[PDB]
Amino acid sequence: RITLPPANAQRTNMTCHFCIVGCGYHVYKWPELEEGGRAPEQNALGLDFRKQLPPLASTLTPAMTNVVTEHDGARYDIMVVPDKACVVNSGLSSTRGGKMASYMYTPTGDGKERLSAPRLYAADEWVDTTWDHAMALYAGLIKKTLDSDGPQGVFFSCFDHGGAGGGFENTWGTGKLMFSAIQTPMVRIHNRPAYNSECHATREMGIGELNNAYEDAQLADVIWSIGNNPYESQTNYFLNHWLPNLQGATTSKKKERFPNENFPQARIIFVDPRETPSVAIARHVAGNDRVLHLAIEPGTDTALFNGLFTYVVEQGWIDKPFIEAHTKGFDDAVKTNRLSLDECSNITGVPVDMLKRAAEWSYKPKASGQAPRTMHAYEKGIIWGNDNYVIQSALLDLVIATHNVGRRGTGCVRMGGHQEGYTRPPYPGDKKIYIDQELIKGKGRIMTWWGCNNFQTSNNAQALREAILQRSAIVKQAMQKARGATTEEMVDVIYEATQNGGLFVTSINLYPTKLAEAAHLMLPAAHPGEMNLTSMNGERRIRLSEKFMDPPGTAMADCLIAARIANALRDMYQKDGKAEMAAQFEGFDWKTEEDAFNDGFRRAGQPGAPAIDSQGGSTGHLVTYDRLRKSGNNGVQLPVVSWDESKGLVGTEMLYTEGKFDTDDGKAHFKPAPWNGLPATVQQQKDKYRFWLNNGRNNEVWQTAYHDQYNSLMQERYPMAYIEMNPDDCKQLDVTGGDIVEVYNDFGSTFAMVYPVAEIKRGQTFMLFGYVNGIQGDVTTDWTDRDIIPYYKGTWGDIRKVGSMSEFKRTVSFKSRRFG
C-alpha cells in the first residue's frame, strides 16, 4: 500500500544523488497519517488513483516512499519520484535513483546506521562523542603536525566530484581548507592516487571532456561508445537520448536542423573487449546490422584509433579546410601514428572488414555531401586503460581530423561517472605525488578520507589496507594505554605514536564503512535533501537540489564540516597566542552551505577574489540558488551567458562551435600516440597468470555499496562480488553459479561468487569492482601512466575453486543479464 500526498503537499526539486546523468526528481513531504485523495485534484501527483493507472503513467513504488523523523520529533511522509518535465530523463528513473527515498535517513530504515554524531574508537570499539571533543582531538593533531612538521604531515584523500558527497559548495569548502588554509600538497582524489585529471591529454589538446549536449546524441548519425557500458552506468542518458535516435524518433529534429542532408538510420559502435548488456540492448533495438562491437584485445585502444586515423587519412575522409584553419600538428601525427589496417587488426584482434565498416559508417561523406555526424563517447575503459594519456591522444587525433567536435550531433566526450561540481583553489604543489605509496612508506601523521573509501577502491588495495591497518594499530595501542588522559595529553600521546610508525586515521562519511576497521575518528556528513547542493551533469547542466529534511543527529554538510575544522584551528591558535597562524584559518565564517556557494563558485574570476578554478567559470556569479530554483530541474547548461527577468539563466549547448579551442593559439592540437603494448608491470602478470581480470560496474549496485549493503533485496541478489566467467572455463575449474573462487596474482588475492556468462571470452573474466564482500582492487597493479592515472582495467591472475555456498545457490539468480 502507498500513501498519496495531499494536493498541497510540500514539493521540492531533487537531482539524482548518484550518476553523471543527473536525472530530475521531485520530493513530496507531508505529515504522517495525512493522506491525499484518489481523485486527481485531490493529490499532489494529479493522477487518478480511483481506477487502475495506464502504462507509463507513473514511476511509483513503496521503495520510492518513506517516513522520516525530523529533529522536532515530527514524523513526515516523503515520496521521491522522477520529474516528467525534466529534459534529461523525461520522467525516467533508474533503479539506483529510484531508491533515493529508501536511502534517505530514518531511524528504522535502510539508513539507520548513518553516522549521527562524531564517533571515536575507544575500549576496542566505537562510541559516540561530541563535535567539541572531536575537534579538540582533530584540530589538535593537525595543529601539532603543522607546528612540528608543516603541511606535508597532513594527508587527505577527498572527493572532487559532484552529486551527493560532492558539489560546488563541498569541493570549495574542502579545497579551501586543504589548499588555502592548511596548504598541504599531500592530497589524492577519491578515484585516483594523486592530484591529477582523468583528461590531461584531451584538455591539453584544447578539448575539455564535456563539450556537447545530451541532445547531440539524438542528432548523431553514428555513436561510438568507447570503454563504456552506458545502459548500466549512464542508464537514462542511454535510454532517453541514445535509443530514441536508434528507434528513428529523432529524425524530425535532424530534418529541422540540417537542410540538404541525408540521415541514414542511426548506428552505434562499441569499443570494448567484453560483450556487455549495452551491446545486447543496442542490438535488440537497432538490429545486429546497425551495431558494430569491436571486441578489441585488452589495452589495445591506441592501436585501434591509430589504425582508424591512418585509414581515414588515406581515404581522404577528413575535413581538410577545418584541419587547415583550426588545428596544428596534423602532418606530424600522420607520421607518428601510421598503422595499416592489417597491422591494426593483428594488434587488436578486430577483423579488417569490421575496421573498414566502422570507418565507412562514421567518416565517409554522406551522399548529400556532408561528413557523418559522429559522437564519440568514452569512459573508464580507456580512462583507466593502457596509458590514459596516450589513448586520448590517439582518439582525439581521429576526432579532430574528422571535425567531430563543434558540429551538432558530434562531440568527443566523457560519459562521466559521478556528476561534476568542482570549485577550488589551485593545488599547492609543483609535483604529482602518489599518496598511497607515501602512506605505505610510512609518511604522514594524520590521514583523512573524506567522502571516499580507498580500502575498497584504490588500485593495489591490499597493500594499502595492510599498511594502514598496521600504522593504525600502533596509534590504537597508545591511545588505549593512555585511557584517562585529558584531550590535550591524548593528542601528545597520539602524535608520539605517529613518530614511531603510527598514523591517526579520520573518516568523514555518511556511514562507518570498511574504513571503520582502521579509523580512530569518524565525522557525520549530510547528503542532498538534508542540505542544499548544486552540481552539473554530463552536458554541464547545473541544478539545485533543495533541502527538505534534517540530517541524522548532528551530521552536517561537508563544506560546513570544513568550516568547523578551520574555525577550531583558528581558535586553538588564538588561544596559543599565534596570531599569524590563527589568521590563515579565517574565511570559513559560514552558517549554511549557500555561504560556500557564495564564497567560491560565485566569486570565481571576480575582482578581489582569490585564484579560483571553477567549472562555473567567471560568469558563475550570475547563478544564485533563487534563480536555479526558478529554473526547475532543467536548470541551465554552463557556461551561463546571461540572465534577465524574462528569459532567466541563458546557457551554452555545445562548446567549440566556432572552431576555437582551449589552447594558446585557439587551435586543436594533434599529438603523437606511440603504441607500446602493455606496461611491463602488467605484461609480467599476463605472462605469469591465466585470466584477464576485467572489472567494473553492475547496473543495480552503486559504487562501494555504502547504501546497498543495508538493502535486503541487494543483499539477497549480490551477497558477494561476482565474477563473470566463460562456461568452458567454469567447466574446467569445476565451478557453477554460486561457487566461490579465489583470484590472485603477485599483487594480492581476492574472491567472488562465480557467474557463468556465455558472452565472456575464454581466458577472460569480469568482476564487480569496489564491493563490500570481495574487493577486486586487491589484484590490480600499482602501474599508473605519466600523470599517475592507474590502469585499473589491466591485470591478470589465476583462479582456483574454494568451495560452494548453498545459500548463494538458494537466493541468487544466475540467469543472463544480457537482454535477448
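Numbers follow the displayed sequence, beginning with 1.
| request: Select between 479 to 487 and 139 to 147 the stretch whose C-alpha atoms have the higher average B-factor in the entry. | output: Result: 479 to 487.
| field | Average Cα temperature factor in the PDB entry - higher stretch of 427 to 435, 392 to 400 | value | Looking at the recorded C-alpha B-factors, 427 to 435 comes out higher on average.
| task | Tell me which of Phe159, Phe691, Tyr363, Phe305 tops the list for C-alpha B factor in the record. | result | Out of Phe159, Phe691, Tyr363, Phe305, the record gives the largest C-alpha B-factor to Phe691.
| request: Between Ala217, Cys86, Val154, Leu292, let me know which has the highest C-alpha B-factor in the entry? | output: Result of the comparison over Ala217, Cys86, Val154, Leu292: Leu292.
| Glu41: which third of its chain by C-alpha temperature factor? | Highest third - that is where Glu41 ends up once the chain's C-alpha B-factors are sorted.
| said: Is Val21 in the lowest, middle or highest third of its chain when residues are ranked by C-alpha B-factor? | reply: Lowest third, going by the recorded CA B-factors of the chain.
| message | Among the modelled residues of this chain, does the Cα B factor of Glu297 put it in the lowest, middle or highest third? | response | Lowest third of the chain for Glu297's C-alpha B-factor.
| request: Would you check the entry's CA temperature factor for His527 and let me know if it's in the chain's lowest, middle or highest third? | output: Its C-alpha B-factor belongs to the lowest third of this chain's values.
| request: Would you please rank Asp665 by its C-alpha temperature factor against the other modelled residues of its chain and give the third it falls in: lowest, middle or highest? | output: Within its chain, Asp665 is a highest-third residue by C-alpha B-factor, going by the deposited values.
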